[PDB]
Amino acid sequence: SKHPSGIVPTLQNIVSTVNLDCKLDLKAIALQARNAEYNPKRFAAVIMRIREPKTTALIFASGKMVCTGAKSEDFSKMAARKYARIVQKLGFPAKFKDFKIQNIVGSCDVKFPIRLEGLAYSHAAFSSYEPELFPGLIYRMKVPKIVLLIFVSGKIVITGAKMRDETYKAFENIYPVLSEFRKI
């Protein structure tokens, strides 16, 4: 009823941001922390990681923080919360302001090969397929505004969503098309 295709895209990566609302001393965090990495000349953030939920945090001097790698939105907020407390314990008056899911990446397998060239040709205003550069067809759906990477194998990557239902809807919108161009 929500997934007429019978297939449910698996969530693979969630990118979120949160505002710790306090400037941070990155050199102090990098020295005091254990799971930290800081190379100012390369990137302006402290890169930290935890095991559960398995994620990576990018902590900036401004107090802003990016959390990547989680398998769900809840897992992403949970992870972000642990990093916030890690930073709190380090001495800073960190809070958890304006948490937001910025991107959801999902993937699935329709279990049948696809004729990418024919698909791109019939949907040129939406498709970008150049095998010699990247083996996947880049499908830029407008409603919802989502990008799908369609491979000959039947495997699909769906990215750009800020709510999981967009991920699901884009896949459901694309399913009938993939079937039309099933490789025989």
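Quick note: we count residues from 1 along the sequence shown, nothing fancier.
Per-stretch averaging of Cα B factors for 63 to 71 and 118 to 126 places 118 to 126 on top. Higher mean CA B-factor, judged across 18 to 26 and 157 to 165 from the recorded values: 18 to 26. Note on the listed residues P53, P144, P40, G136: the highest Cα temperature factor in the record is that of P40. Of the candidates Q88, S76, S107, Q102, the PDB record gives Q88 the highest C-alpha temperature factor. In this PDB entry, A57 carries a Cα temperature factor that places it within the lowest third of its chain's modelled residues. When the CA B factors of the chain's modelled residues are split into thirds, the value for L31 lands in the highest one. Annotation for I184: C-alpha temperature factor in the highest third relative to the rest of the modelled chain, per the entry.
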